[PDB]
Amino acid sequence: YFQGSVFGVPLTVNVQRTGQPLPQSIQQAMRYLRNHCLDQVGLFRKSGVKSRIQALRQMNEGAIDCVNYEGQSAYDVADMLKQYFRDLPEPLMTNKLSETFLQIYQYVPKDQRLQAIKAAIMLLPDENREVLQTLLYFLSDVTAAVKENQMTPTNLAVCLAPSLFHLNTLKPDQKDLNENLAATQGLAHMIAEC
Amino acid sequence: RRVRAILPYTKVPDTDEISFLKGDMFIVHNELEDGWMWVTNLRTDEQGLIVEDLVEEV
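Residues numbered from 1 in each chain as written, not as in the entry; some residues may be left out. Chains lettered and ligands numbered in written order. Heavy atoms only, no water.

For this coordinate set, the PDB header names X-ray crystallography as the determination method and states a resolution of 3.2000 Å.

Here it is as structure tokens:
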């Protein structure tokens, strides 16, 4: 793993190199979105621009100084976050957690689904749990402005679950499609109640 | 429960949505929060997510 690299670097390497699982570039991106972008209609849905997103990645990778995001399109930054969580070596929510969500929504009754989800999250590594707590707080703050951005928790889940779970998409078996639906449902449930 | 699309829509890339044309009928498999529905498009035989705002019950 190269020195000062953000994308494609697992959270454990980030912890061993800096002491925190999320890089400061990604945290500053989240702060920029929280401070100057929460009212943008269709955030995380309206696509950015490939050139601007690639310039943002250029900024992140190799920069020893602090990465400034002022004067950047909100959708470019949102798509950059989606690409960072997509470009992780393993998904933030481990490959087993999508199957666990499927098992929860299939065999666990509705009144105990939240407890099973919390237990499943507690079965994750410490770094993944910290990053997930930070990201869930951020997405709750985002969806709190639903009167301005029209981003409901389920809408945010639809936009972000493929990046967080590393799901498949068709143009895949039935079990995998059920896993996709259950992962989206679980992400929406976690975002709605945070 | 079946629905019919009243407007064309293109999938957001790298998501579980499905594109459809005006008139496409879907069979609703699951109903989610905020008007989202997991459905199978009868034209393309693909399963995915659609929003209630673009469909009408039949």
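A.B. asks: Is there a simple way to think about the interface of chain B and chain A in this case?
C.D. replies: Interface size is commonly expressed as the accessible surface area that is lost when the partners come together. Taken together, the 17 residues of chain B in the interface contact 21 residues of chain A. Buried surface at the junction of chain B and chain A, both sides included, amounts to about 1600 Å², of which 56% is carbon and sulfur. Contact with chain A buries surface across chain B, with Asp-16, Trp-36 and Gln-47 of chain B losing the most and accounting together for 29% of the total. Taken together, the links from chain B to chain A amount to two salt bridges. The salt bridge involving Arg-86 of chain A is made with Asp-14 of chain B; its shortest N-O contact spans 4.0 Å. (Contact = heavy atoms within 4.5 Å. Buried area = accessible area lost by both parts, 1.4 Å probe. Salt bridge = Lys/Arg side-chain N within 4 Å of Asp/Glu carboxyl O.)

A.B. asks: Teacher, can you tell me more about the side chain of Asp-24 of chain B here?
C.D. replies: Mapped onto the elements, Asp-24 of chain B comes out in the loop between β1 (2-5) and β2 (25-31). If near-sequence neighbours (up to four positions away) are discounted, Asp-24 of chain B is found in contact with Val-3, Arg-4, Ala-5, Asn-41 and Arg-43 of chain B. (Helix = DSSP H or I, 4+ residues; strand = E, 2+ residues; numbered from the N terminus.)

A.B. asks: Honestly, the environment of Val-146 of chain A in this entry has me stumped. Any pointers?
C.D. replies: Residues and elements named next belong to chain A. Following the sequence through the fold, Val-146 ends up in helix α8 (residues 146-149). Residues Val-146 and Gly-42 lie 104 residues apart in sequence; the distance between their C-alpha atoms is 9.7 Å. Once residues within four sequence positions are removed from consideration, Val-146 is found in contact with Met-151 and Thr-152.

A.B. asks: I keep staring at the pattern of salt bridges and nothing clicks. Help me out?
C.D. replies: Side-chain pairing between opposite charges can occur once the charged atoms of the two side chains come close. Per the counting criterion, the structure on display carries eight salt bridges over all chains. In this structure, the salt-bridge partner of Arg-34 of chain A is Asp-141 of chain A, at a minimum N-O distance of 3.9 Å. Of the two residues, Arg-34 of chain A is situated in helix α2 (residues 24-36) and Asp-141 of chain A in helix α7 (residues 126-143); the sequence distance between them amounts to 107 residues. On the basis of relative accessibility, which here comes to 33%, the residue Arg-34 of chain A falls in the partly exposed class. Put simply, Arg-45 of chain A and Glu-17 of chain B hold a salt bridge, and the shortest N to O gap is 2.6 Å. In this pair, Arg-45 of chain A sits in the loop between α2 and α3 (50-60) while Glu-17 of chain B sits in the loop between β1 and β2, so the two residues belong to two different chains. The class for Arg-45 of chain A is buried, based on a relative accessible area of 17%. Judged by its relative accessible area of 2%, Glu-17 of chain B is buried. Through salt bridges with shared partners, one network takes in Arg-57, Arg-86 and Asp-87 of chain A together with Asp-14 of chain B. (Buried < 20%, exposed > 50% of the residue type's maximum accessible area, 1.4 Å probe, protein only.)

A.B. asks: So what exactly am I meant to see when it comes to the packing of aromatic side chains here?
C.D. replies: How two aromatic rings sit relative to each other is given by the distance of their centres and the angle of their planes. Applying the stated rule across the entire model yields seven aromatic pairs over all chains. Here the aromatic residues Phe-7, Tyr-84 and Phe-85 of chain A are joined through ring pairs into a cluster of three or more. (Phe/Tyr/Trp six-rings, centres within 6.5 Å; stacked < 30°, edge-to-face > 60°.)

A.B. asks: Would you mind going over the packing of helix α5 (residues 95-107) of chain A against helix α10 (residues 174-192) of chain A with me for this structure?
C.D. replies: Pairs of packed helices are described in terms of their axes, by the angle between the two and the distance that separates them. Residue and element names in this part refer to chain A. Relative to each other, α5 and α10 sit at 85°, their axes nearing to 8 Å. Taken together, the axes of α5 and α10 are roughly perpendicular relative to one another. On α10, the residues that touch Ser-98, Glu-99, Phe-101, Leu-102 and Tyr-105 of α5 are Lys-175, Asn-178, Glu-179, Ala-182, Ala-183, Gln-185, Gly-186, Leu-187, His-189 and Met-190. Partitioning the contact of α5 with α10 into residue classes produces seven nonpolar, five polar and three charged. (Axes fitted to C-alpha atoms, helices over the stretch in contact; angles between N-to-C directions. Parallel < 35°, antiparallel > 145°, perpendicular 65-115°, else oblique. Nonpolar A, V, L, I, M, F, W, Y, C, P; charged D, E, K, R; others polar.)

A.B. asks: Is there a simple way to think about helix α4 (residues 74-86) of chain A in this case?
C.D. replies: Residue pairs three or four apart in sequence face the same way in an α-helix, which turns once every 3.6 residues. Residues and elements named next belong to chain A. For α4, built from 13 residues, the straight-helix expectation of 18 Å at 1.5 Å per residue is met to within 8% by its first-to-last C-alpha distance of 18 Å. Burial of α4 is extensive: 11 of the 13 residues sit out of reach of the surface. Three or more residues of α4 are buried, namely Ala-74, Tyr-75, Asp-76, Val-77, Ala-78, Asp-79, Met-80, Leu-81, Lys-82, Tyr-84 and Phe-85. Of the surrounding elements, those touching the buried residues of α4 are α1 (11-18), α2, α3, α7 and α9 (153-165). (Expected span 1.5 Å × (residues − 1).)

A.B. asks: How should the packing of α1 of chain A against α7 of chain A be read in this particular structure?
C.D. replies: All names here are of chain A. Where α1 meets α7, the axes come as close as 9 Å, and the angle between the chain directions of the two elements is 90°. When the axes of α1 and α7 are compared, the pair comes out roughly perpendicular. Residues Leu-11, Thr-12 and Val-15 of α1 form the contact with α7, whose own contacting residues are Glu-127, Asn-128 and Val-131. Within the contact of α1 with α7, the residues separate by chemical class into three nonpolar, two polar and one charged.

A.B. asks: How should I be thinking about a negative patch on the surface in this particular structure?
C.D. replies: Residues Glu-52, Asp-53, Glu-56 and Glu-57 of chain B make up a contiguous surface patch of negative charge. Relative to the helices and strands, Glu-52 of chain B resides in the loop between β4 (46-51) and β5 (55-57). (Patch = residues over 30% accessible without salt bridge, like charges linked within 9 Å, V, L, I, M, F, W, Y side chains within 5 Å. Areas by Shrake-Rupley, 256 points an atom, 1.4 Å probe, with all protein chains shown as cover. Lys, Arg positive; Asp, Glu negative; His and termini not counted. Charge placed at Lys NZ, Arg CZ, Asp CG, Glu CD.)

A.B. asks: Hey, could you run me through the sheet that holds β5 of chain B in this one?
C.D. replies: Pairing between sheet strands relies on hydrogen bonds along the backbone, with the strands arranged either parallel or antiparallel. Pairing is antiparallel in the open sheet, where five strands are placed in the order β4-β3-β2-β1-β5 (chain B). The sheet is open, and its two borders are formed by β4 and β5 of chain B, each paired with just one other strand. Adjacent strand axes in the sheet meet at a mean angle of 45°, parallel and antiparallel pairs treated alike. Relative to β5 of chain B, β1 of chain B runs antiparallel, the two sharing three bridges. From the neighbouring strand, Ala-5 of chain B faces β5 of chain B, where its bridge partner is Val-55 of chain B. Against the sheet, α10 of chain A makes contact with β2, β3 (36-41) and β4 of chain B, and its axis sits at roughly 20° relative to β4 of chain B, the strand it touches most. (Pairing = 2+ DSSP bridges.)

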